Structure formats: C-alpha cells, structure tokens
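Okay, here we've got a single chain as structure tokens, the form deposited without this ligand, with questions on binding and movement later.
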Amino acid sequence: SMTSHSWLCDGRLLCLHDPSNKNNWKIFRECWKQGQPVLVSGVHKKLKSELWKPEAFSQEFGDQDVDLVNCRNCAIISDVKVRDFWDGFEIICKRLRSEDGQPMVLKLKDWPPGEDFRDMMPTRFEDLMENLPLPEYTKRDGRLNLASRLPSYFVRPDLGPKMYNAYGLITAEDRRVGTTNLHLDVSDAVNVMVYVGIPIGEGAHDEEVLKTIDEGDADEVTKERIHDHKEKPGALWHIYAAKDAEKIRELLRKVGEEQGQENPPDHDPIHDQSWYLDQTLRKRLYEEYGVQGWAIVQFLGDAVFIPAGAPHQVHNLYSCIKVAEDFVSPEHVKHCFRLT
C-alpha cells in the first residue's frame, strides 16, 4: 500500500514517501527540531528526466574550461574540457587514465562556477526549484526560510544551487576514500540525487558495492531497497549531530598526533576537510567518545536534508549527479549567528 512515511537507521531516520504532499511538514518538523537529518524519496518522478543526463551536459557545455580532482590522491587535473569529464561518466573506456594506465575516479570541481548555475542553466534551475520537497523551508522565498530576512549578524548562504558531480569509487582500496571528506555547513541544505550512472566496460561491479554498504554500517531495512525493489543506489553518507562536532574534533586531533602530524592544540580538523572516517575510525568514535552517526544510502530521486552544523561525509558507490540548495530554518538559525 502507498503510505505517508517509514523509518530507516533502526527508527532514527524519517523517510517521507510523497515529495509534494501538502501535509509533509506535520511529520518533518518534530524530527527537524531534534537536529536529525531527513530523507524524502521519489523526487526523480517529479523532474524532466531529459534535463539531467550526462550526454546533455556534454553536448550543451562540453567546450568550457575546468579543473578535475583525482579522488584516490586529491591531485588536481588542471585546464581540461568539461566534455573530458562527462564523456567518461558511464563509459569506462573513455575515462582519463593515470600514468599506471588505470581509469581514474574523478570529481568535476566548482561547476557551474560560484553562483552562475541560474544564468548558465535557467530551465534546470526552474525544474529543480519547483519540485524541491518542504517548499516553505527550501524555496528562496519560503515562509520558513529566513535567508532573505536576516541582518549581517548572521552568515547568509550564497545563491545556489550547487552541483556535486563525481565518478563511483571502484576497488577494495577505494572503500577507505571519500568522494567529499568530513566537513560542516553553517546553513541547512537539501541534496537531491537527480541521476545515477551504472557503468559498462568494467561492468559486473555489483558485489564490491554490497560489501561497501555492509561495512558502511547500513541498517537491515536499507539493505532491502536493493534486493527487494531494485532501486539504483548512488552514494553512502555518514552524518553526525551538530552537538557531537567537538568530540569528533578531539578524536581527529588524537589520530593526527598518532600519524605524526604536527598541529597546534586548537586547530580544526573538520574545517580542514582532510579526513574520511573509515570503518576503523567510526568504531573508535562510537567506543572511545560515545558518538553514533546516521549511515544513509541515497538512491536515485532521494533528497537528504542536512542540519546546519552537522558534520557529514560522502562516498559515491556509482557515478552521481547531485544538486543541493541551502536554506535557513528557524529551528537551526543559532548555527549562523556571529556572536557568543
């Protein structure tokens, strides 16, 4: 039967089923007030699917100059064409290769650049903004979005949206690597999975993806969305409550010291955006510091709501196109205040 919602993370994560329901706020707001992330499924069914394909981005924008990042070593690949990224998104034999001759796992950096998304892509901007869930919170002019209503005593988000475009991590060695390392944002945000590319060439890469989700500490119900309904899994997230951010800093200061980094006692390993918490580090965080997180698998069409101040990291399982919009809810406005 079609139902309003369900739970993931053993009851700790709300999953809303109908992205456009007028009454979603009645279920959302208590979870949000408590500082929990929220998942909303089904957003892909509301979009114009032809606007969000890798072939279209290549055809329309392919001649632009860009930098890429090698996810395995964080090396910058300088001054290449946007088509060199997009043409290898799902076809492995077209990907740029490192000097060893292996195809690289790449991220498209700062594209579209800064705040140019709306100017460069006006039809995509309208398609995203009209179909965001919880529109009183997420629209630029929503009644519960304080972004346009606050004085300079508050850090205001940049004009978005932002795209997150990167290949899937492949190997057993790739399991300990981040697509995006651990960090936090002072604004709230909604991150939408608008396309998942499951490759061909090296195709039949199914079983390493299952071992990644298991070792990622995914709950038993999350494991059923694969085996039962065959949805396409895009990325593995870990998210931590904003209240746990300092205990995480204390752990990473200690591990930095153990690995022979030489760091002042006050330096900020979350702001540095240099760490990925692998299975070893997540178990140590739980055992030594008493901190538990949310392990979330974002499928095609899932929107992840990320609370202001909540540390989070992302590990792509397959090639992903994500689009995120920042907002300032009243529940979490304390996180962007510039005093005390």
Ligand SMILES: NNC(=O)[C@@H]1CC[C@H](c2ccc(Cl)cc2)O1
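When you see a residue number, it is the position in the sequence shown, counting from 1.
Another form exists, deposited with this ligand bound; not displayed. Remarks below refer to it.
*Asks:* Examine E231 and determine whether its closest non-hydrogen atom to this ligand in the deposited bound form is within 4.5 angstroms.
*Replies:* Answer yes; at least one heavy atom of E231 falls within 4.5 Å of this ligand in the deposited bound form.
*Asks:* Spell out, yes or no, whether the shortest heavy atom distance between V209 and this ligand in the deposited bound form is within 4.5 Å.
*Replies:* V209: contacts this ligand in the deposited bound form.
*Asks:* In the deposited bound form, is there a heavy atom of this ligand that lies within 4.5 Å of any heavy atom of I226, even though the partner is absent here?
*Replies:* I226: contacts this ligand in the deposited bound form.
*Asks:* Does any part of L251 reach within 4.5 Å of this ligand in the deposited bound form? Heavy atoms only, please.
*Replies:* Taking the distances in the deposited bound form, the answer for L251 is no, it never comes within 4.5 Å of this ligand.
*Asks:* Which of these stretches, 79-87, 232-240, 111-119, 252-260, has heavy atoms within 4.5 Å of this ligand in the deposited bound form?
*Replies:* Careful reading of the contacts points to 232-240.
*Asks:* If the cut-off is 4.5 angstroms on heavy atoms, which of these, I198, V177, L144, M129, is the one near this ligand in the deposited bound form?
*Replies:* Contact with this ligand in the deposited bound form is made by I198 alone.
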